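All heavy atoms count here, side chains included; hydrogens, waters and symmetry mates do not. Throughout, a chain's letter reflects where its sequence line sits, starting with A, and its residues are numbered from 1.
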Amino acid sequence: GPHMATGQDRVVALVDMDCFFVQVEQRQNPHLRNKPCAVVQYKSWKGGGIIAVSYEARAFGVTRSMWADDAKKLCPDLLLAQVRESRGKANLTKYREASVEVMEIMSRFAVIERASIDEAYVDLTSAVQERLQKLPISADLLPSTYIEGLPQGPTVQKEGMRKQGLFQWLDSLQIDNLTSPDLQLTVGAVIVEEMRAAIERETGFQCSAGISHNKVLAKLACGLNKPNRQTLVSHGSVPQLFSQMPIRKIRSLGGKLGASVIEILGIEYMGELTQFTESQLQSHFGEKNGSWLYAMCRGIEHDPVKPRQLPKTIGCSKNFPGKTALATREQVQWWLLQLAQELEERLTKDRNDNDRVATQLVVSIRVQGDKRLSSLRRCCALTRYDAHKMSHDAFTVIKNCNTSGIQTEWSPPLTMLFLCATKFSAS
DNA sequence: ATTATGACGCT
DNA sequence: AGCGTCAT
Ligand SMILES: Nc1ncnc2c1ncn2[C@H]1C[C@H](O)[C@@H](CO[P@](O)(=S)OP(=O)(O)OP(=O)(O)O)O1
Ligand SMILES: [Ca+2]
């Protein structure tokens, strides 16, 4: 009771851009706005692989990982934008630069953790304290906010439902104590409305957001009312929310571990985890995972928002599927050079922008016949930002992977090359 | 023949 | 270090 931690100490938000590469292309090309459209990379094999889909196109069943030719079967009027090709490969610079636009705006409000190209966590605990001292919260301050779990108790069109939930929530708020976690989340949501308004004003991009007491709940919250809306998941909302929430929906449980939780414990939903002792969960899933699961199923998580706005690595990779697999030494060296020249370009820009230098080069390849995504990974020193040097260095660290007796040929053929700059130091 | 990324845990 | 897992 009196000593029972409730994980209500922080206000954390997760901001997730909607259909982000699509929005980047729609900003650039007005003709794509408010249309079923997708972003595709390459075009020769089956029309290209889809990596992003507008919500209009999702209504037809178009998804990521679909070939454009097949998506066209579902949606004949589907519009497509192609990822830039440079030096023979897809080049994601446009989307990395758009990401920086959003991340810099978010950083005006609080220190962010860059989670992916279009997602960032923010710890709003301090900003909420400040806003609290400056002030009753009007519904007008929360025009795109859902309160998860509401309305409840004794019209039915979506905006009506949203407002009815929001009204129940605000009506229940004890606003006179500056210590109420629910009030803190609410003020957090007011700030996120402001952040999201600024992102849209200043970039043209819309996004969704979750507000809760930790990163995992904020992330879960965010997805509950995509797109262009934000969702508040209170501590009190967790038992009902988790009672029907498949374990795989929770960040880090969407893979083998999550499947093992389901299989070993014979459960389906996050809420069912509460019936196990911490020691029981540790016994099955290890010390760290077990403690993490015990707290998480009660809505409690302690992973901090890390103050990191920049990626920790800068990498360049290309697959050579089917019989495009690299079988000659000339081929291997040409493509290592292409990758190295892109890497050099991005590295030089990074050093100018961000006052840092990578010190380690990681070289990864895949060989035809291997089932793993990476067959072999070797590091060497990265001492100069020089593409010819990096490509030569990469070749020497992998050249003995060639089982071919003659060194004019490469065997078994390479189906992936990967160069990654790591271990940055200030400069 | 999804591809091109990127963070973090394990030993 | 090199490899595996999990995620955009
Ligand atoms: N598997 C994969 N390969 C390549 N690029 C990807 C992949 N997944 C996502 N992305 C890119 C393209 C996306 O626009 C961008 C962000 O991914 P996410 O957030 S999973 O999806 P979005 O396109 O932003 O739609 P959504 O967030 O509104 O659901 O990363
Ligand atoms: Ca997104």
Mind calculating the distance between [atom1] ([X]) and [atom2] ([N]) to the nearest angstrom?
X: A:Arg248; N: C:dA7; atom1: CZ; atom2: P; value: 12 Å
X: A:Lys249; N: C:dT8; atom1: NZ; atom2: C1'; value: 16 Å
X: A:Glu119; N: C:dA7; atom1: CD; atom2: P; value: 11 Å
X: A:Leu257; N: C:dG4; atom1: CG; atom2: P; value: 18 Å
X: A:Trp292; N: C:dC6; atom1: CH2; atom2: P; value: 12 Å
X: A:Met103; N: C:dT8; atom1: CE; atom2: P; value: 13 Å
X: A:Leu361; N: C:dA1; atom1: CG; atom2: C1'; value: 15 Å
X: A:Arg366; N: C:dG4; atom1: CZ; atom2: P; value: 12 Å

Looking at A:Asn225, A:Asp18, A:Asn228, which hits side chain to side chain donor-acceptor pair (under 3.5 Å) with A:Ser208? A:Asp18

Among A:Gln206, A:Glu193, A:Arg229, find the residue that satisfies the side chain to side chain donor-acceptor pair (under 3.5 Å) test when tested with A:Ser144. A:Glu193

Between A:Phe20 and A:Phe205, does the ring centroid distance fall short of 6.0 Å? yes

Kindly say whether [Y] contributes a backbone atom to a donor-acceptor pair with the side chain of [X] at under 3.5 angstrom?
X: A:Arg298; Y: A:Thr274; result: yes
X: A:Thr403; Y: A:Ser411; result: yes
X: A:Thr422; Y: A:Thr313; result: no
X: A:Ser99; Y: A:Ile117; result: yes

Expected list for residues 48-77 of chain A near DNA chain B, using heavy atoms below 4.0 Å, is A:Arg64, A:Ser65, A:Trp67

With A:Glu119, the salt bridge (charged side-chain N to carboxylate O under 4.0 Å, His left out) member among A:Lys215, A:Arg114, A:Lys219: A:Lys219

Of the nucleotides [options], which one has an atom closest to the side chain of [X]?
X: A:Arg378; options: C:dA7, C:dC6, C:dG2; result: C:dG2
X: A:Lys323; options: B:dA1, C:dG2, C:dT8; result: B:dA1
X: A:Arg372; options: B:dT3, C:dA1, C:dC3; result: C:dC3

Using atom P of each nucleotide, how far apart are B:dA1 and C:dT8 to the nearest Å? 25 Å

Within the 4.0 Å limit for protein heavy atoms, which parts of nucleotides 4-11 of chain B are touched? Write it as a string from 5' to 3', B for base, S for sugar-phosphate only, - for none. SSSSSS--

May I ask you to say what A:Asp118 touches in the nucleic acid, namely base, sugar-phosphate or nothing, with a heavy-atom cut-off under 4.0 Å? sugar-phosphate

Going by salt bridge (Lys or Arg N to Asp or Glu O under 4.0 Å), name the residues that satisfy it together with A:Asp182, two or more places apart in sequence or in a different chain. none

